[PDB]
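Okay, so here's the structure we're looking at.
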Amino acid sequence: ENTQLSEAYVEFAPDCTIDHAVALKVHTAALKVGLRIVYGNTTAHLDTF
Amino acid sequence: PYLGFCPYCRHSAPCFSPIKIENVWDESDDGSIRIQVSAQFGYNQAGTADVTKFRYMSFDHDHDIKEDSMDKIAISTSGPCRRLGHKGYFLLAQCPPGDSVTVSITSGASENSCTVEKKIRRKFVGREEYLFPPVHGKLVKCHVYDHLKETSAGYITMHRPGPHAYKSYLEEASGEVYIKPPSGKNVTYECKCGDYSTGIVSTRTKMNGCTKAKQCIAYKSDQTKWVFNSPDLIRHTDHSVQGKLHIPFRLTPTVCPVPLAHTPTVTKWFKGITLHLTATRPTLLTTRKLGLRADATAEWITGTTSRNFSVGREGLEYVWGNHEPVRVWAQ
Amino acid sequence: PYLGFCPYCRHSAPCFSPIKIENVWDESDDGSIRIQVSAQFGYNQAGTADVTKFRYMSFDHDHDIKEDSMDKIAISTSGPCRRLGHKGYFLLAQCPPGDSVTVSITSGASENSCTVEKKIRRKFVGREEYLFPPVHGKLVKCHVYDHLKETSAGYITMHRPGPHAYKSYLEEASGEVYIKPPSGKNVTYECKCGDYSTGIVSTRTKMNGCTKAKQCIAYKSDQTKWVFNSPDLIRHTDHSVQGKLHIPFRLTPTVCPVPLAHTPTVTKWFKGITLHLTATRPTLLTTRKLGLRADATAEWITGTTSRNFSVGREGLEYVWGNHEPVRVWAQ
Amino acid sequence: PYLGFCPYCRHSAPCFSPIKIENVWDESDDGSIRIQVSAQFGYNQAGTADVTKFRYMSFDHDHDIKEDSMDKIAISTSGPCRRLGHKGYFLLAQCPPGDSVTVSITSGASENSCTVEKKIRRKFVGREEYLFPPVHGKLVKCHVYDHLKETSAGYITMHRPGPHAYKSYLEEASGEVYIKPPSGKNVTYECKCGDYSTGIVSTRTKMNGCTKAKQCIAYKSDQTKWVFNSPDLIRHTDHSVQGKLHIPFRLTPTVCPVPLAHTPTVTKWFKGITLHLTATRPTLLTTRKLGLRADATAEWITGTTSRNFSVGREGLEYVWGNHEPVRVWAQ
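Protein chains in written order, with the entry's author numbering: chain F, 99 to 147; chain G, 14 to 344; chain K, 14 to 344; chain B, 14 to 344.
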């Protein structure tokens with residue numbers, strides 16, 4: 099009548115800080131575009147949605 | 014410096030060694046391997062840092078802490094492994110591919126080894142196999158265990174050691190159980206020999222009502238040390254976290270060189286391509302169409318071969334090994 | 014201590030060495046290997062038992078019996094092998110897997126090795142492959158070679174040595190053949206130099222009618238020894254069996270520890286099961302129906318997978334690895 | 014004794030060693046391997062023939078030619094390679110199968126190795142695989158590298174060494190660059206520190222207009238030696254061919270022994286054969302019809318099997334392993 103408690107559990111491996119996957123859920127994809135416009139002699143760069 | 018139950022000692026059988034492995038990590042892109050054994054490294058007898066020697070557990074009923082030098086430890090998986098670094102509880106070395114890892118101390122003719130299974134596989138980085146990092150090639154992102162001793166990949170928790178019984182402490186004489194503590198060490202003992210009984214004896218003491226030697230336990234109160242949470246020790250009553258020590262050799266990012274495969278030869282025809290490929294090693298070719306439907310395919314080739322690919326007006330893209338993507342548009 | 018025509022010497026060729034293996038056994042469940050060479054071990058110069066030394070054949074025209082120590086013998090198949098026992102003519106050692114076995118004596122720089130082909134394959138016991146005997150597992154029946162020196166797996170028959178000619182014993186001078194026996198040893202000689210002639214000379218003696226050194230033979234009468242019935246030696250005229258020496262390291266039965274695979278997960282449906290299986294190593298699953306028709310199937314799996322099995326009213330039986338058989342009956 | 018850029022030194026990285034391999038030949042039927050490293054063997058310090066020792070390049074800023082003995086070099090692919098011979102720039106050795114070849118010099122603890130990839134495979138001669146040349150069998154035509162040191166497979170071209178800059182020769186002090194040639198050696202120097210300048214200094218000399226160490230170069234005029242046309246050296250301005258040295262160990266033809274496989278058992282029926290075959294090793298069977306159409310087939314088998322072959326009135330021919338061709342004609 100020699101009782102033993104046996105226990106175990108899990109955690110993150112010590113080097114998971116670099117080797118790890120992340121689970122994400124995305125929504126409607128917003129597109130943003132960079133444009134160069136040249137009119138006559140004048141050109142311009144700009145980013146727009 | 015605890016000693017625990019290795020599954021494979023020197024000869025054939027599981028048994029107790031100071032240099033049991035318990036767990037292994039092999040994720041470094043170089044194949045550098047980090048090992049944890051119950052032994053220590055880089056510390057002298059009192060624990061002060063001294064690189065040339067290490068301390069470990071004794072094979073005696075006094076069970077003190079003994080010592081030896083770095084020149085007589087060896088690591089081997091299939092052939093001998095080159096040690097890269099050591100920090101207290103931890104080792105790190107380069108190993109050839111194999112199925113299990115062995116740590117061995119050769120104290121002259123006193124050989125003590127532990128072996129544990131781990132399918133270490135020669136790994137590589139990039140889109141092509143290679144035996145060695147070539148002299149010339151692209152520099153890409155990789156992750157290698159930092160050889161520096163003073164890095165930290167994490168921490169491990171240590172606790173006060175639990176009871177550690179012995180039999181030289183006990184003795185049977187004329188049907189009576191006596192205890193024989195070593196010199197000057199207050200040794201705590203307990204048993205029921207009938208009713209329960211406990212105390213501490215520093216000298217040879219007799220027991221009443223005790224008919225068999227197996228009935229009792231004695232051990233010295235060594236609370237001046239901290240031991241890892243190993244699964245092969247009976248812990249103390251109070252298992253509170255009492256120490257943390259760093260996990261050296263953090264898996265740091267860096268740059269690695271990778272070969273550039275032979276540039277294929279393109280042979281062209283009506284709406285499509287025939288790529289002629291040469292690759293001494295398994296190298297990955299990955300193509301995809303540039304339209305609504307990707308039709309992407311990926312495959313590893315060896316030797317020399319040729320692949321036909323239909324190219325639409327929308328175009329086709331291919332990546333050969335580590336070479337940059339190449340785009341095409343049919344006429 | 015005869016010397017056999019080892020197919021493979023140190024360098025590339027067949028030669029005559031004192032350590033020729035002639036045959037090998039590899040049946041023992043632990044991979045223990047029993048080897049038989051023309052040398053003997055554990056005996057001193059006169060043959061009396063001395064573990065630390067062995068005697069063997071001489072590389073000279075006196076061809077006496079020389080000696081060396083155990084520490085300079087080595088066994089290797091793919092890597093070095095650990096010697097487990099030795100008894101006169103026989104050796105026993107554990108070896109890594111390989112295609113051939115090599116025995117080597119290192120008498121300083123005097124290297125003498127014999128190599129013989131044998132596809133030694135890492136074998137195991139049970140219904141699942143494993144690298145090593147695990148610490149925890151079922152205890153099953155095995156047969157291993159007994160490490161005890163004084164066991165006997167049978168006997169080997171020995172006879173008198175036959176004639177061993179030499180050319181130092183003979184010489185040519187002025188077109189006449191003389192014999193030159195070593196000191197004090199009565200050396201038998203014979204030849205046809207025209208008509209036949211035979212005798213014994215203990216000292217330098219001349220022969221008549223003999224024009225070529227190749228015409229005659231001389232050799233000392235060594236009837237004080239017994240030699241194995243080797244296929245490399247010309248036997249005595251009377252090849253009666255005259256000695257029987259035991260074959261040590263009997264293959265004795267015992268117990269082995271064997272792993273227990275992961276217990277599968279049963280996922281169920283109308284008259285049948287879907288077993289989800291995980292096994293890091295090739296493990297055998299064997300099932301059979303409990304009706305008139307067995308329809309039994311057996312297969313080895315690796316990795317993780319799932320298998321659908323129809324179960325009738327009569328029921329189904331399955332055995333997973335070393336786990337006990339399990340029975341089921343459909344509703 | 015040039016030093017060059019080995020892709021794999023002792024530890025992990027490409028670096029500069031005197032014993033770099035550049036190319037390997039593995040075409041000899043016996044598996045003998047001929048190697049070329051930048052070191053030269055069998056010659057004493059002045060270059061005079063001395064088998065026991067060799068000379069090689071120095072790891073110092075004087076960069077003279079140093080020496081060691083033959084017993085401290087080693088060749089290894091998967092296990093140690095047995096050396097067979099050496100002549101100056103060239104080595105030849107027999108060794109086990111592997112994916113790369115390694116030369117290593119062990120000057121005590123001073124270990125310097127070069128490793129280069131080469132898929133060396135066990136090759137054989139005949140129509141059947143075998144590990145090892147058997148004692149009994151047919152003698153067939155083969156080609157093996159001749160172990161004789163004084164053979165010649167060709168020639169290699171040597172030129173005068175080109176410039177070899179050094180940095181101990183240069184120094185910066187108070188924003189002025191000085192040169193420090195070693196004792197008594199006329200060291201040529203040059204740079205543009207503004208305008209161009211060149212000369213030779215045998216003693217510590219100052220330069221004008223020079224503000225940085227990196228601006229100039231100095232090196233001794235060592236025209237008394239010839240170096241291989243290696244791809245890791247900057248050549249002299251005049252790369253005329255000036256020396257030719259023989260390529261030792263010419264691949265000579267000779268006879269080799271090959272096994273004779275088990276003769277088939279023919280089981281016969283109306284217009285055809287059923288050959289029963291046993292072959293422990295992969296052995297080639299090749300048959301062809303004796304009429305207008307050959308219908309020839311060739312295939313390797315292992316184990317024990319049986320093959321049915323239709324035989325016409327014109328007949329059939331079969332060759333089993335190394336056995337002679339056999340002809341048949343149906344009734």
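Ideal placement from N, C-alpha and C gives every residue a C-beta, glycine not left out.
Per DSSP, the bridge partner or partners of residue i
i	result
residue 81/B	67/B
residue 15/K	According to DSSP, residue 15/K bridges with nothing at all.
residue 256/G	171/G
residue 193/G	In the DSSP output, where bridge partners are listed per residue, residue 193/G has none listed.
residue 154/B	268/B
residue 145/F	132/F
residue 333/G	298/G
residue 209/B	205/B
residue 183/K	192/K
residue 137/F	140/F
residue 312/B	298/B
Selection from the options that minimises the alpha carbon distance to residue i
i	options	result
residue 194/K	217/K, 152/K, 178/K	217/K
residue 95/K	311/K, 45/K, 136/K, 56/K	45/K
residue 276/K	197/K, 249/K, 319/K	319/K
residue 212/K	221/K, 200/K, 222/K	200/K
residue 341/K	312/K, 285/K, 315/K, 42/K	285/K
residue 119/G	92/G, 84/G, 100/G	84/G
residue 132/B	103/B, 317/B, 111/B	111/B
residue 210/B	197/B, 231/B, 196/B	231/B
residue 160/K	97/K, 140/K, 181/K, 292/K	97/K
residue 111/F	127/G, 33/G, 330/G, 40/G	40/G
residue 180/G	187/G, 191/G, 47/G, 170/G	191/G
residue 75/K	280/K, 196/K, 313/K, 294/K	196/K
residue 297/K	138/K, 237/K, 15/K	138/K
residue 32/K	43/K, 102/K, 56/K, 130/K	102/K
residue 283/K	123/K, 24/K, 73/K, 343/K	343/K
residue 315/K	116/K, 334/K, 91/K, 184/K	334/K
residue 167/G	116/F, 122/F, 146/F	116/F
residue 176/G	81/G, 306/G, 115/G, 202/G	202/G
residue 135/K	125/K, 108/K, 122/K	108/K
residue 106/K	56/K, 219/K, 261/K	261/K
residue 274/G	266/G, 263/G, 295/G, 264/G	295/G
residue 26/K	70/B, 38/B, 149/B, 124/B	149/B
residue 173/B	338/B, 184/B, 253/B	253/B
residue 17/B	187/B, 30/B, 308/B	30/B
residue 81/B	22/B, 121/B, 251/B	121/B
residue 125/G	265/G, 185/G, 19/G	19/G
Presumed contact (8 Å Cβ cut-off) between residue i and residue j, rounded CB distance
i	j	result
residue 272/B	residue 152/B	Going by Cβ atoms, the distance from residue 272/B to residue 152/B rounds to 12 Å, so no, they are not a contact pair.
residue 303/B	residue 327/B	5 Å
residue 35/K	residue 49/K	6 Å
residue 15/G	residue 246/G	6 Å
residue 113/K	residue 87/K	Between residue 87/K and residue 113/K the Cβ distance is about 14 Å, and since that is not below 8 Å, they are no contact.
is_contact[residue i, chain A] using C-beta, thresh 8 Å
i	result
residue 116/K	The structure shown contains no chain A; its protein chains are F, G, K and B.
Ranges of the beta strand (DSSP E) found wholly within the segment 17-64 of chain B, counting only runs of at least 3: 17-19, 28-30, 34-38, 45-56
Under 8 Å (Cβ pairs) to chain K, residues found in the segment 102-131 of chain G: 112, 113, 128, 130
Against chain K: residues of the segment 140-172 of chain B by CB proximity under 7 Å: 144, 145, 148
Every unbroken beta strand (DSSP E) within the segment 220-293 of chain K, with a cutoff of 3 residues, ordered by chain: 229-233, 256-259, 264-271, 278-282
Positions along the segment 190-218 of chain G whose CB lies within less than 7 Å of some CB in chain K: none
Any beta strand (DSSP E) of 3 or more consecutive residues that is wholly inside the segment 98-148 of chain K: 111-120, 123-133
Chain-ordered residues of the segment 125-137 of chain F with a beta carbon less than 7 Å from chain G: none
Within 9 Å of chain G by C-beta, residues of the segment 20-52 of chain B in sequence order: 20, 21, 23, 24, 25, 26, 27
Where the segment 254-274 of chain G meets chain F: residues whose CB sits under 9 Å from a CB there: Result list: 260, 263, 264, 265, 266.
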